[PDB]
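Presented below is the structure to which this report refers.
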Amino acid sequence: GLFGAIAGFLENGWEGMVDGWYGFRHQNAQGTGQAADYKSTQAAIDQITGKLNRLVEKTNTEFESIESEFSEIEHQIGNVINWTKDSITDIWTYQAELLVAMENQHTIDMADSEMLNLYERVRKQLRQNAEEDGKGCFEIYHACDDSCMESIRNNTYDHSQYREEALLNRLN
Amino acid sequence: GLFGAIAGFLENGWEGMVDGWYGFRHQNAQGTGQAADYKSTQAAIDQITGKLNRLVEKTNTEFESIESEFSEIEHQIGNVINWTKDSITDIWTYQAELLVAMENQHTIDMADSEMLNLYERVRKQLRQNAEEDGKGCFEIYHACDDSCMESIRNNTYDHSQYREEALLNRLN
Amino acid sequence: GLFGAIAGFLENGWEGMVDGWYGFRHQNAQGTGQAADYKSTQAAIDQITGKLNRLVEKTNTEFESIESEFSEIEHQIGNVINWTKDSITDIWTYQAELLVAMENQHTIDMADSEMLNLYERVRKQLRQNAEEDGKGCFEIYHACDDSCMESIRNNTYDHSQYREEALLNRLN
Amino acid sequence: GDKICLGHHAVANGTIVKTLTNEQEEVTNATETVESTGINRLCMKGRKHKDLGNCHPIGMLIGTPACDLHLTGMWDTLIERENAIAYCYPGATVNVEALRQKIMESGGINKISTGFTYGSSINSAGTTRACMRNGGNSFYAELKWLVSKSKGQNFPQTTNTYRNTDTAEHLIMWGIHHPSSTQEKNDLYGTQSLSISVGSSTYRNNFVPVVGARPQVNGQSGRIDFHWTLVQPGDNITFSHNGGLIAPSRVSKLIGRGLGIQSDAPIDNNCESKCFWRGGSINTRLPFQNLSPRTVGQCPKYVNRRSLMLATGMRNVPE
Amino acid sequence: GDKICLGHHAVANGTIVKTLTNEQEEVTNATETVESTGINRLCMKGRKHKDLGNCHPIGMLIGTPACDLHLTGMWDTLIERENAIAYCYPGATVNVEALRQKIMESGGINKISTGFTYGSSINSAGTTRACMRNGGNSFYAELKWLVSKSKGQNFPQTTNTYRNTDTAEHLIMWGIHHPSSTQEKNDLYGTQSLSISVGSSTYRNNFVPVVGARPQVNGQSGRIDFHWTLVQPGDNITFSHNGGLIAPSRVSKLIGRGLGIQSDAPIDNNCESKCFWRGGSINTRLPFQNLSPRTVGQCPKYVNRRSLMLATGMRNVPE
Amino acid sequence: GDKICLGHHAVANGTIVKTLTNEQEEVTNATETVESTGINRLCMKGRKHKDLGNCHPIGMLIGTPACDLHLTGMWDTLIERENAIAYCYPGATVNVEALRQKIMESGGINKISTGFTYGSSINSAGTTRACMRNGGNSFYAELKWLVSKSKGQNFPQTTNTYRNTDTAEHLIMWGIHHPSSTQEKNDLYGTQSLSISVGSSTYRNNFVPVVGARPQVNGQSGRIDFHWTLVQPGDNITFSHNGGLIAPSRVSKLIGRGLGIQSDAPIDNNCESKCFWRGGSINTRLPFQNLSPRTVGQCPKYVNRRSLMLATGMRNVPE
């Protein structure tokens, strides 16, 4: 979208991923696996939580009545009161509508950015030992064991260890 | 700007491009051409349209008068009415001013993002068969026919087909 | 953060950098240096300044009193006046709070974007003669003299001049 | 030597707009959010409407000549004009503004007949040259000017009561005559001290005619001040008087709801609108307007600015 | 032949929300910001409260039978009901609404005794079948109906003064009787023209009983209209009257501050709340509500919408 | 072995701010948007101003001793004080608040002379020890206390009319005397029943002096209540009275527009300001303030918060 990833170069989400918002799918020698990235997930939830905390929780000033529900009130004053309440309601409803529209735009777009941020993390960590599919995948030109996959997702992968090996498959 | 592209690493827009907001210029064997990307264009217009739809179209509450235009009104009540209308106008004008300032910032920046998103799409699709000029151009190290150009702009370009060839000019 | 750089792939700021908001650290043959990028710095400050200009500087309508401070005022009218002022204050305080929250989010994130934009500038200008550390550093695979460093930070660096040389250390 | 380049469009003459950070960004296109042009006419298409011209809404209830054509009817907007006449014979109405509002938010009135009778000793047909008719001296059509039939005689202590037999609240107006001289008072009513007492189950008040020298208007130096209330269904309202009461021959029933417009703008039955003001009518899709702080109907919110441009394009970087 | 892929989660049934650019984005989850359900009861837990039932707040000060249980006390919320009775004997209070507000924002009243004495020539114990008690004819508990002890005798020109010896402002109510006949007026008071004059250092006003025929309510055709002020500490208020005054046997002292609720909703001592309205009580953390424009206490702001969903998730892209 | 690194600056002590997502972000610098400090003085530089001290704005029109220095003049701001005196002789003004507002928004008054004459049978120079002057007993400078020249005599039925020959509307004040005793009434005016009738083309009303016992203030137990209207250009206003009227020797003409301040803060001719309140003056560029809900002039909008920091720097990430 704004950050090109979610609903962008990734053409869909993964209904199977139930452990977190963001995650990895791998294919290798020992077969296929899936796993969620807890850290990026929590970056995104925490910000949502910050929004909710702002939304909820507001000290309100105390208001006493000015219109009697059961008495009759004088007509002119009643009309002025009505004008003022209606006017104030138009303001609040406009406000509430903008709040939600702008929050929602931002919320969607930050969710996109966290997804990108993770993608960019992995790309950098691979340096030259892999290249970019164009659809969220990194094609790994070396034997990346289940343990090696885990090292990527654990952000402990050492590109230097597989570098010259990987730089081979490069050209054939 | 915020996404670095429009008024960023691209140093100007193209007055000649009248078929869309975003597009490609190519140079090759058969010479020069220009063409607009309809898909990214429409991503950007649709969002602008969404903004206009929100702006226009609001149910209004009905207001009746509280100040007589032709009569004289009592002085104190008139002053209280005046205070209230003035106060409400200050709020609406402030609101209107913020609305436009924040929308305009967002509109400009989303336009920048869609431009980046497209650039990023093309970069990814080329993988190793081209490298980055730094000014919105991708220098293609292989014979990219008018048809081949069209395959890029049609997002049907197969990097594998020209890969090893392109990986040559690389080093000379 | 939103643009992944400040408080993202860069794990901290540089208390030593007092000449600007953004800047370079280099290591080379002749040793170490530090320097600020005046252009990106000024992009960011100018935008902050724009915010402050908007914040300050507002024509105000003139208000006369409607409540007497020293007299007693009639109870019902006083209560209607009180309701209206309280109501208006709730709107302004809500507004002030949203203004600051949204401006602050945007200010922080634009600061993150200008940092990225500069990082991206340098990456592009190096093309193939350097690769990405993952933490804001570019590992230069050629002899980059103090003067050569200065050419990067002056955005006058010619990648073609060191290209084939740099493409060597690449594979060993 | 083969390459592809990415670019964005641009235009020769950009539009300037404000953002959070920059007071003057040139963009490719923008559009106005504040409506500054309105229609110099009252757009009445699709409305059963009533132009009172020189008849004033209050004049409808008491029956001023100017209002002869407007004593009854039904409508969904009412148009008052700056001219307008309520009082042929000079005077004032207590709580005027509440009353015209009530009327101006009504969309229709019916007149129900009080049935009051007076008969001997009492002349129920006083008139005045300030309320001329066809032509000749006349009076407020919905009221009777009561005066001692003879002479300079004491006016009879009298009692009339209006019984609301309807299902809805009626609105009762009446007048108290305040003469210019002790002589005048004595001619029309007795030498007796005068008192009018009015009482329902909800209302009760009383009034005393009061003599005083006053500038001549139009006309006369006397005054007739009017007074009103609402009589609930199945309730009665009783007048005890010994002279000075301008009694009601008919009471009014306000019917629905309706929109009240005050403007001297000409009617135009060929445009619709939902938003009006003194200068006329406002038709716009925009949320904001600059024409007036005082509007009625469904209106864009008023703001204190000529222009607020909304960007509908990217940053414009020409060359 | 080895690769790693990045992805985001998704769900089978997304929620739809608005953004600046798109009126219908499907996201993974969202949450309501506008409260549309309230509690159909008055949540009084944690509150020293008072349900007046059919006693009307004004009735507390003058002492209508309905209010016998509510002539004194202390509280932090006060609950008025649609039923409620203030006037056993028909009448009205000048500046009613200001007064009940005052009362409804009080959280307690004490009654201080005026000490007024009248003695011979004057009957200080008039009663009426409109204010029945246990059972029998009776009267407003905090006032005395004063009438000529005998006959159709002239009522004595009388003077009573209340001295505020307290440190706080007292609230003084009194009534003026307006009879239905000249005969009635004469029976109770003299043939003398009647006048009641009331004066403090800050207040001064005067009233005249006024005869008129009026619909019978309940009951009676007479009326007793009430009037009030605040007498400052160390100040005195003096009544000069020659008949017609319904004098105070006690004055009221409004004590603290308190929250006034008008609702017919049943009390529930087992929920807390801070926000109330006619239909009951509102308990929500959300900043906005849809139930009513007229609320009291600490309330979510009212808006004109059933729903405003806030996204709490990403764009939902299924398949 | 060669490398270049990119970085951002940081500081040792960051400032904390709120964002949409995080209630406590540390940034490099921020700045306050809510003004919480004001000036404990009235900043009158650049203003033709008037400090009434203990003169009350109403006292300007009727001419209380306290206001002797303030009967006329021109200004663009007016300063009222908590002290202030309007009534040397005890009383009240009907529609006070409307009136002082009118005055407090004026920026100047002129006094035009009524030209009223009374002559034989009538003493136009009543005084009182409550309105002392240089020193001695005296009176309101713009009014005449009219009393039976002799005795306990019937005061002559009198007629005075003020003719507005100016191009602008004048403001006419007058008083009605309400004595403490029947005796007092009889001494000053007749035994005749008293009546004051006032009439213009737009105004008409009437008043009756009314006897009552009342607490002594200052002073005396009598009262003089004041009343006012605006007489349009080329119109006349006529007083018909037989005793009780405190007539106008001069009428007032309110001139321009001006700013009305109510504060006990000391004047300071060496600061400018555009925004004032009870506690003094407010000078700030910030759009919001915390000092008071009640301000006058061009002010920052009031908010319910001590502080609202606006980030002017990036996220601060130290080490």
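By written order: A, B, C, D, E and F. Residues from 1 in each chain.
By our rule, contacts are C-beta pairs under 8 Å (C-beta built on N, C-alpha and C of every residue); 3 or more make two chains touch, one makes a residue touch a chain.
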{"item": "Between B-F and B-E, the pair joined by more C-beta contacts", "value": "B-E"}
{"item": "Chain pair equivalent in interface to C-E, over half of contacts matched, among A-F, B-F or B-E", "value": "B-F"}
{"item": "Centroid distance [mean C-alpha coordinates] between chain B and chain A, Å", "value": "21"}
{"item": "Distance between chain centroids, defined by C-alpha means - chain C, chain F (Å)", "value": "52"}
{"item": "Distance from the mean Cα position of chain D to that of chain A, given in whole angstrom", "value": "58"}
{"item": "Per-residue overlap in chain B, given as positions that touch at least 2 other chains", "value": "48, 51, 54, 58-61, 63-64, 74, 76-77, 79-80, 84, 89-92, 95, 99, 101-103, 105-106, 110, 133"}
{"item": "Per-residue overlap in chain D, given as positions that touch at least 2 other chains", "value": "19-21, 97, 101, 301, 304"}
{"item": "Contact graph of the chains (line, ring, star, complete, other)", "value": "complete"}
{"item": "Chain pairs that touch, as defined at the top of this document", "value": "A-B, A-C, A-D, A-E, A-F, B-C, B-D, B-E, B-F, C-D, C-E, C-F, D-E, D-F, E-F"}
{"item": "Partner chain A, residues of chain D touching it in the complex", "value": "95, 97-98, 101-102, 301"}
{"item": "Footprint of chain B on chain A - complex, ascending", "value": "2-4, 8-9, 76-77, 79-80, 83-84, 86-87, 89-91, 94, 98, 101-102, 105, 131-134, 170-172"}
{"item": "Chain B-facing residues of chain C, complex", "value": "54, 58, 60-61, 63-64, 66, 77, 80-81, 84, 88, 91-92, 95, 99, 102, 106, 110, 113, 116-117, 120-121, 124-125, 127-128, 164, 167"}
{"item": "Residue numbers on chain E that touch chain D, as the complex places them", "value": "90, 92, 178, 210-215, 217, 221, 223, 225"}
{"item": "Of all residues in chain F, those that touch chain A in their complex", "value": "18-23, 304"}
